[PDB]
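> Residue numbers (UniProt numbering), protein chains in the order written: chain A, 242 to 289; chain B, 2 to 464; chain C, 2 to 464; chain D, 26 to 514; chain E, 258 to 386; chain F, 258 to 386.
Attaching a single structure in structure tokens format; questions to follow.
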Amino acid sequence: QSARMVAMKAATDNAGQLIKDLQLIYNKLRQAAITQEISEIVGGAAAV
Amino acid sequence: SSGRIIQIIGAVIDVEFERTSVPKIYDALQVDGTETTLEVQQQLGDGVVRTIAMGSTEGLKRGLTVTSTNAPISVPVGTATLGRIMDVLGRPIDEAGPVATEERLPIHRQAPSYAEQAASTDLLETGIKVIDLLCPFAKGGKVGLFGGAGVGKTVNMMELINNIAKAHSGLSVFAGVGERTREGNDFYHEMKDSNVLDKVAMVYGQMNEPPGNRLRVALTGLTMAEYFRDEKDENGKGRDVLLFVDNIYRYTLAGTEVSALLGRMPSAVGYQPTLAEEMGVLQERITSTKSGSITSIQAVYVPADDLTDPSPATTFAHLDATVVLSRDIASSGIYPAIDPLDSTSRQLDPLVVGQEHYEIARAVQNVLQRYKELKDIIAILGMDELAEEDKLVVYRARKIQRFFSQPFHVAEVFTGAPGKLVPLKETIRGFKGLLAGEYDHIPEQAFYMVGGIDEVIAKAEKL
Amino acid sequence: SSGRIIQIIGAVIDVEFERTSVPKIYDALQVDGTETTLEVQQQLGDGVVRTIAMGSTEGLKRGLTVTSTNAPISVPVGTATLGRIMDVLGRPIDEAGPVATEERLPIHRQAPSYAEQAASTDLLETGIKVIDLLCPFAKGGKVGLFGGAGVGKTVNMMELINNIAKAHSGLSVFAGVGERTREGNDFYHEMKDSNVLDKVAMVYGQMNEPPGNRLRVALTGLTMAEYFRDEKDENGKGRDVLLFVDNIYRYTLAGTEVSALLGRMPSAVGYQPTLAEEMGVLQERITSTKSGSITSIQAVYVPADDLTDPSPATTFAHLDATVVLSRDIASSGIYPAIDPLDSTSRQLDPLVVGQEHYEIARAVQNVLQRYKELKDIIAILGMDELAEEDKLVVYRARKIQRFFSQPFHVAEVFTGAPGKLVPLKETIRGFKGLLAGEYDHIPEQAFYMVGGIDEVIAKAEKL
Amino acid sequence: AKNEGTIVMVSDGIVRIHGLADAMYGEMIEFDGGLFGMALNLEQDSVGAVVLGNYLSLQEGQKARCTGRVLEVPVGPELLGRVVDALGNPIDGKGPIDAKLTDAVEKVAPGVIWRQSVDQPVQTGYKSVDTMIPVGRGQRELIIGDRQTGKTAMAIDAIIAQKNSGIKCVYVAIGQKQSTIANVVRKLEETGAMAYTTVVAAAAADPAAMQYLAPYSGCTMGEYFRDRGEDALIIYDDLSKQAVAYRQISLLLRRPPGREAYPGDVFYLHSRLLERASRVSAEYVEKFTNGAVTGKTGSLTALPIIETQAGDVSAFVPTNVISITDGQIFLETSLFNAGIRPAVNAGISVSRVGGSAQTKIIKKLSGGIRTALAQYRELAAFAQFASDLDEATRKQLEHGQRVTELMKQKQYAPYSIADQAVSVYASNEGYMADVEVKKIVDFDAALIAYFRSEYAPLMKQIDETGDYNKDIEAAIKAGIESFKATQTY
Amino acid sequence: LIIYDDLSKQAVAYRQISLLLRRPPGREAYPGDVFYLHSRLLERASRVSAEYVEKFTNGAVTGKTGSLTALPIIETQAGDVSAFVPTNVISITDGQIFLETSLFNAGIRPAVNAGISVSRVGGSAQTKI
Amino acid sequence: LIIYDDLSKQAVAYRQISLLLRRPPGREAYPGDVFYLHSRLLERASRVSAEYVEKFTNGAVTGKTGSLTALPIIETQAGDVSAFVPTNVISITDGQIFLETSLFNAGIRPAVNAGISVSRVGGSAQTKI
Ligand SMILES: Nc1ncnc2c1ncn2[C@@H]1O[C@H](COP(=O)(O)OP(=O)(O)OP(=O)(O)O)[C@@H](O)[C@H]1O
Ligand SMILES: Nc1ncnc2c1ncn2[C@@H]1O[C@H](COP(=O)(O)OP(=O)(O)O)[C@@H](O)[C@H]1O
Ligand SMILES: [Mg+2]
């Protein structure tokens with residue numbers, strides 16, 4: 242039982258840390274994504 | 002009067018008429034000395050009209066002369082169009098002679114009003130195990146098929162044509178389709194063998210045609226089907242008309258291709274700014290008004306295999322039954338590859354399909370959804386670290402997932418097994434027995450492509 | 002017959018000439034009373050041309066007179082450019098006096114035709130036995146040096162420069178714009194005192210220089226390398242040449258700067274450029290013609306996780322070989338610091354190099370992979386916990402990783418030995434013998450900095 | 026005045042011309058010095074044109090005039106074993122080509138009423154393709170994969186495998202280095218496959234236009250045999266480079282940009298080309314040849330190649346082109362590096378013609394084995410988490426492993442129809458149920474060698490006649506049984 | 258009480274009109290004055306005081322207060338509430354009711370998610386019991 | 258010895274000027290030319306030789322060598338050194354000093370991470386002791 246505790250505890254901790262890093266990546270992509278479309282849209286405004 | 006071409010770019014041609022003769026919008030123009038004709042799209046002022054060529058551009062130069070017909074593109078309609086194949090402008094391509102008809106209708110027309118609108122009341126039976134259970138059809142309704150490339154849209158549409166449109170009283174079906182010329186030609190010959198051709202009309206346009214042709218092909222099929230819907234003989238009031246369209250996306254693609262050249266800013270994901278209105282003006286004409294009933298089946302293409310694209314997202318609101326095909330299930334070996342979830346029908350109501358059917362459908366969907374959320378835990382935790390009820394749910398969900406697959410009559414060439422056709426009551430009884438907990442000992446292998454339950458019981462012996 | 006500047010924006014200088022005479026594309030123009038010179042990128046009509054300034058841009062105002070040379074920018078080429086440093090226009094900057102060469106060549110030229118290509122794919126043999134067996138080069142191929150700032154990346158360049166001239170009698174050319182890091186002595190000083198200056202020509206540029214100078218540096222070198230290759234000996238055979246066009250800057254520009262070696266600009270010229278024609282032409286000029294070959298070596302800086310497959314592939318797509326420098330290997334006292342696992346080449350194919358060499362390779366890499374996987378277990382405990390047939394693997398891996406060391410001639414100032422030039426066949430024989438397990442009884446450290454296996458045996462015997 | 030004009034702008038291969046009032050779309054124009062161009066847009070006061078050749082010798086003010094003819098390319102049986110550029114001019118220096126006929130480069134495909142269903146097989150030499158993704162005369166398959174995954178090898182193997190089939194082959198190379206083209210030609214000549222092959226080269230040194238009109242000229246060359254009751258085959262080495270060249274040439278012509286830069290009509294560009302590869306009915310043949318040949322049907326098989334970026338099957342071109350062809354052969358880098366040399370992904374790769382393009386023995390032996398692998402993939406992916414397995418799951422897993430390891434083949438090693446039939450029969454019958462998971466390639470290699478040494482007339486009859494009878498089936502079963510004992514691996 | 262069935266389609270129509278009129282583009286091609294579009298509409302749902310009603314009717318009605326309640330509806334794609342228009346309109350309203358797709362399939366028919374749904378007025382808008 | 262307090266704010270100002278000059282934005286956060294902006298400045302820091310000093314001073318000073326040392330400072334967002342601007346500057350410098358915030362909060366006042374920071378010129382700069 243005690244051993245399971247420790248093992249399970251570790252998992253939870255790891256999961257928590259994992260989430261954090263993913264969040265960071267997500268935010269980056271989000272910002273990056275937006276910028277791209279704007280540029281393309283601006284290109285359309287110059288297409289005429 | 003006569004206009005003169007002043008500028009051509011790709012398929013977009015502008016023509017400068019005199020001040021008093023400027024043709025109106027959508028009017029058809031004939032180019033003298035050539036088989037090409039033009040249609041108006043914009044009025045850029047100063048007697049100049051932007052137009053799209055309805056045909057191929059060969060040997061066209063600036064300074065040529067054009068004559069105005071002062072009317073939209075008209076097509077022949079009537080009983081003499083039955084058993085014939087025609088192009089977009091209504092000319093035969095079957096090498097069987099000219100169509101002997103004098104009744105003609107304009108391609109462009111307004112949608113029916115709110116006052117003339119009807120209500121679907123009768124169910125339609127197809128013989129598909131998954132369609133009849135989780136997505137019932139209705140006579141005079143609307144059905145849509147959503148999938149990415151190579152998932153089985155064409156096979157399902159052909160099976161639907163075979164099941165219901167093969168033999169019914171005066172169905173006067175109609176088939177406005179385009180796609181691959183190999184699948185075409187195979188179809189015209191397949192029907193000519195059955196003799197169904199004397200009660201079908203086919204409008205066909207290849208996918209190598211200029212963007213002018215691919216933009217107006219559907220508006221011809223709709224025009225020909227409306228005449229069958231509205232015509233009445235001695236109070237006969239016509240007969241149920243069936244419509245099958247396989248080229249809806251090509252319409253949006255042609256619109257996108259010509260939008261930039263016509264001088265319009267881009268919107269969203271490289272899409273035209275007027276997507277929703279262009280879809281609406283088309284999908285509001287495919288309807289069953291009080292004077293007649295039209296049952297239509299459409300094929301909808303999903304780019305990049307994501308349903309959030311602006312093209313398939315706008316279409317969901319225009320259908321009564323939507324069947325969504327999933328790439329994962331298709332790659333899993335199961336066909337027809339229909340997603341039990343994300344597949345709904347407005348007729349799935351306890352006051353329409355009864356009480357037992359509604360409960361069976363709800364229970365099946367609940368079991369599948371519950372099994373869907375357990376995949377991450379099994380990925381992280383061992384399979385033994387689950388509740389017994391969860392294990393039962395997983396096993397029953399796997400059996401049910403295999404159970405939605407049946408062999409088709411049309412796809413015999415791919416596999417060799419003969420087709421099957423299961424009645425609704427057999428499906429209801431089989432699913433009721435499965436959810437009850439009987440059929441548990443039977444291995445999940447015996448549920449693949451096996452029609453009704455009794456064949457499952459028989460196949461349990463072998464494998 | 003003289004022009005006047007009418008517009009000066011960024012690097013672009015529109016100049017206008019009379020109707021009768023307009024300079025052709027790539028012609029060189031001289032501005033009166035100012036050091037600057039211009040090159041004609043494109044024509045815009047009405048006797049107006051667009052140009053990029055090459056000479057220093059100081060006191061440039063609208064309305065200055067410009068004359069035309071009616072010829073492309075020509076650069077001096079010969080044997081008198083060896084050991085000299087020059088700017089893009091080929092004027093000396095090392096204060097050593099003029100250049101005795103009186104013959105010039107234009108810098109814009111068509112690529113060799115299809116009939117001038119090589120009969121077969123030959124390999125360039127260098128003195129580094131790590132490269133010659135793990136990632137062999139090809140005559141006319143392209144090589145990319147991936148590594149961090151910890152390794153100077155210059156000792157290997159000097160060693161290659163010395164080795165090609167020592168073995169195949171081939172001179173080399175180095176063209177660079179700016180220095181990313183100056184921690185080591187400057188390259189001119191590092192060559193001058195290594196006695197390799199006589200065999201190399203140098204072209205240099207500064208960031209703080211007209212933007213036109215930063216571009217066109219590779220063209221000035223490629224011309225010199227082409228002149229060096231075609232010149233023939235009394236027998237009539239040509240000479241092989243190495244072009245060290247080091248990557249000028251990081252992927253911020255590299256993505257559009259490494260493409261400058263193929264004809265694309267790193268956002269240097271805002272107004273319309275004409276480098277699409279330059280693409281391919283600048284890339285199809287580094288080939289092995291029947292007479293001789295020109296092999297290009299290009300460095301690159303990668304911070305982390307942006308090399309080989311996970312790289313953006315903007316540069317990795319066209320590279321025929323990649324040599325990866327590992328900081329950990331350098332910190333372990335191994336030189337040169339080239340990691341065998343990460344380094345890859347397209348010439349490691351049984352058809353092009355032979356089944357013997359191919360089977361000799363991919364066997365040492367298996368040992369490296371096994372040792373890398375067992376490192377943690379070796380870290381956990383020593384050979385005592387280790388079982389049989391893995392201690393031998395560990396010993397062989399250590400022996401080969403120590404045998405990868407080799408003395409260099411460039412370090413003769415600090416080396417008692419004059420360095421070694423091991424033939425490829427000798428390396429193959431030694432590696433095959435060591436893989437056979439015969440040399441297992443040879444004590445360790447006899448493969449360290451003893452170069453060839455034959456020398457290793459003598460070292461093992463003496464101690 | 027109506028036929029001559031002056032250049033007003035030269036930039037990056039695009040030339041703007043004044044005058045030329047009576048100029049057609051796609052018409053050829055001649056420049057001083059023997060340089061030809063084509064007109065692609067005719068605005069109110071100017072004509073935009075692209076130069077077919079080196080444009081660096083053109084200057085503002087040079088005269089130009091319209092020829093009055095559409096672009097044409099020489100075509101005939103004398104172009105076999107020859108290497109030419111996009112305009113058909115020889116580049117291998119073996120002498121001038123004795124051209125007898127010239128054919129237009131741009132033309133429309135035959136109508137739906139003039140076509141016929143495909144029912145004849147095209148052999149590639151790969152077990153994984155001849156059994157799971159059949160190819161027939163007149164079907165346009167597609168090869169799609171990431172860089173350095175083995176796309177070019179399969180096309181060359183397909184070209185080589187037609188030594189005895191009597192069908193001609195055409196190879197088009199776009200945006201490739203000259204060294205690779207030379208190596209390909211050397212390999213083609215080494216194996217003797219050059220006796221019935223033409224090569225069209227548009228390398229990176231060539232202008233953008235040459236990289237944009239190469240497939241059309243190649244298809245026009247290949248249509249000569251299609252229109253005359255014979256079978257042909259054409260391979261485009263890369264169409265993505267054509268897309269890039271078209272994007273550049275359109276952007277330089279002042280046309281509005283679209284999604285991912287590509288302007289409109291990219292789908293039209295790739296569809297008006299692939300729609301010309303079809304099987305045509307006899308009556309069209311007699312009508313075209315005016316009765317010289319009767320009772321003959323033509324064909325034209327196409328194998329375009331598309332490369333993806335980091336396994337992206339969701340971009341503009343990769344999605345646009347998939348919806349045009351009749352199937353895809355999909356290649357993984359994950360399987361290429363794993364060890365599976367013919368890295369073909371089952372389940373995601375389909376053939377729409379199906380069993381209608383196979384021999385009788387192959388059609389009936391290889392019945393629904395693609396579905397077995399597709400189900401096996403998921404079953405093996407799921408069974409790792411299962412605590413215990415029923416007997417049915419273990420049998421399916423073992424059969425899937427054996428089938429996956431069976432369909433591995435070496436380059437430049439084609440297999441005959443009889444070899445494929447024997448292997449498929451042995452797999453289906455389960456004669457290797459006891460053979461170890463490893464040493465499978467040794468087993469079937471030795472089996473094929475043994476049936477080639479003995480039972481020779483049976484294999485010759487199988488190869489010449491694709492037939493399966495009780496007496497044809499019995500000998501194959503007896504031979505495998507005889508090979509099962511009294512033999513070594 | 259007033260109910261708008263989809264403000265997303267109104268936003269799409271406004272974007273189409275603005276793009277066809279050449280107004281300058283922005284994230285998702287939406288024009289600059291798009292937040293103001295919904296802001297000036299949703300701010301008209303208010304409860305006036307008795308003095309306002311007394312003044313408007315010129316003494317016809319005394320001692321009575323009016324009101325107007327709004328229930329706008331918004332559709333999101335794949336649950337991306339971070340899109341431009343959902344974020345624009347969430348910051349304007351006084352609360353949110355979130356309906357989940359997973360809860361609908363799981364059997365919870367009203368499918369209201371408690372945990373991310375809030376009402377700013379709170380318990381002041383309830384009867385005693 | 259020159260110390261630039263923050264070159265990132267200089268990058269922001271340059272981006273503002275470029276965008277106000279109606280130059281295309283591009284697919285990156287900052288324009289590409291920003292790279293040159295941080296190179297032309299950082300190239301000018303070098304040590305000249307004794308001969309250059311005499312040539313420049315016309316013989317007024319002999320037997321001496323000039324010098325110029327630069328210490329630019331760059332700020333990162335949430336410890337991201339992979340961003341456009343931080344990546345450019347790292348590639349064109351002779352050494353880096355990494356200051357972590359976790360060490361700063363956790364008691365350690367001068368938070369110089371020695372695991373990543375490096376000078377790349379050792380011994381030659383330092384005195385004999
Ligand atoms: N079936 C096979 N068995 C063994 N090796 C193979 C096989 N197919 C390809 N290869 C090898 O894999 C490599 C792939 O080369 P290939 O020219 O086929 O790639 P590609 O996809 O055309 O690349 P590129 O993008 O450069 O055109 C070559 O070294 C080739 O010899
Ligand atoms: N019931 C079925 N049985 C066997 N194969 C099927 C079935 N349904 C679809 N397929 C396969 O799926 C593929 C889908 O092709 P098709 O429907 O013509 O294209 P799309 O899915 O784009 O309309 C076919 O090649 C066929 O092999
Ligand atoms: Mg290739």
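Where is the CB? At the ideal position from N, CA and C, for every residue including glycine.
Round the Cβ separation of residue 182(D) and residue 216(D) to the nearest angstrom and send it over; I've been treating them as touching at under 8 Å.
With 8 Å as the limit, residue 182(D) and residue 216(D) do not qualify as a contact, their Cβ atoms being about 10 Å apart.
> In whole angstroms, what is the alpha-carbon distance linking residue 247(A) and residue 298(F)?
If you take the alpha carbons of residue 247(A) and residue 298(F), they lie about 55 Å apart.
> What are the boundary residues of the beta strand (DSSP E) that residue 56(D) is part of?
Unbroken beta strand (DSSP E) run through residue 56(D): 52-56.
> Exposed or buried, which one is residue 151(D) when buried takes at least 16 other CB atoms within 10 Å?
Counting Cβ neighbours within 10 Å, residue 151(D) comes out buried, since at least 16 surround it.
> Measuring CB atoms only, is the stretch 358-373 of chain D touching the stretch 290-308 of chain B, in the sense that at least three cross pairs come out at less than 8 Å?
In short, these stretches do not touch, since the Cβ pair count stays below three.
> Given that a residue counts as buried once 16 or more other Cβ atoms are within 10 Å of its Cβ, and exposed if not, what is residue 378(B)?
The residue in question, residue 378(B), is exposed, as its Cβ has fewer than 16 Cβ neighbours within 10 Å.
> Does the Cβ of residue 284(C) lie closer than 8 Å to at least one heavy atom of ligand 1?
For ligand 1, not one heavy atom lies less than 8 Å from the Cβ of residue 284(C).
> For residue 385(B), go through chain D and note every residue whose CB falls closer than 9 Å to its CB, in chain order.
Those within 9 Å of residue 385(B) in chain D are 412.
> Which residues neighbour ligand 1 when neighbourhood means a C-beta less than 7 Å away from any of its non-hydrogen atoms? List them by chain order.
Selection output, chain order preserved: 350(C), 352(C), 170(D), 172(D), 173(D), 174(D), 175(D), 176(D), 177(D), 178(D), 332(D), 366(D), 367(D), 434(D), 435(D), 436(D).
> Is DSSP giving residue 29(B) helix, strand or coil here?
Correct three-state label for residue 29(B): strand.
> For residue 435(C), decide whether its Cβ has a neighbour in chain D, counting only Cβ atoms nearer than 9 Å.
Not an interface residue.
> Assess, as a yes-or-no matter, whether the stretch 35-43 of chain D is touched by the stretch 433-449 of chain C under the definition of 3 or more beta carbon pairs within less than 8 Å.
The stretch 433-449 of chain C, when compared against the stretch 35-43 of chain D, does not touch it at the 8 Å Cβ threshold.
> Given the structure, does residue 376(D) come close to ligand 2, in the sense that its CB is under 8 Å from one of the ligand's heavy atoms?
Yes, the Cβ of residue 376(D) comes within 8 Å of a heavy atom of ligand 2.
> Quick check: does the Cβ of residue 463(D) come within less than 8 Å of any heavy atom belonging to ligand 2?
Flag unset: Cβ of residue 463(D) not near ligand 2.
> To the nearest angstrom, how far is the alpha carbon of residue 252(C) from that of residue 343(D)?
Going from the Cα of residue 252(C) to the Cα of residue 343(D) covers about 27 Å.
> Quick one: list the residues of chain C neighbouring residue 116(D), beta-carbon separation under 9 Å, in chain order.
Going along chain C in sequence order, the residues near residue 116(D) (Cβ under 9 Å) are 114, 115, 116.
> DSSP on residue 353(E), reduced to helix/strand/coil?
Of the three classes helix, strand and coil, the one that applies to residue 353(E) here is strand, per DSSP.
> So is residue 267(A) buried or exposed if we call it buried at 16+ other beta carbons inside 10 Å?
Exposed, by the Cβ-count rule.
> Could you tell me if residue 304(F) is buried or exposed, where buried requires 16 or more neighbouring beta carbons within 10 angstroms of its beta carbon?
Looking at its Cβ environment, which holds fewer than 16 other Cβ atoms inside 10 Å, residue 304(F) is exposed.
> Within its chain, find whatever has a CB closer than 7 Å to the CB of residue 185(B); leave out the 5 residues flanking it on each side and keep chain order.
These residues qualify, in order along the chain: 205.
> Assuming residue 49(C) is part of the beta strand (DSSP E), what are its boundary residues?
From DSSP, the beta strand (DSSP E) with residue 49(C) extends over 49-54.
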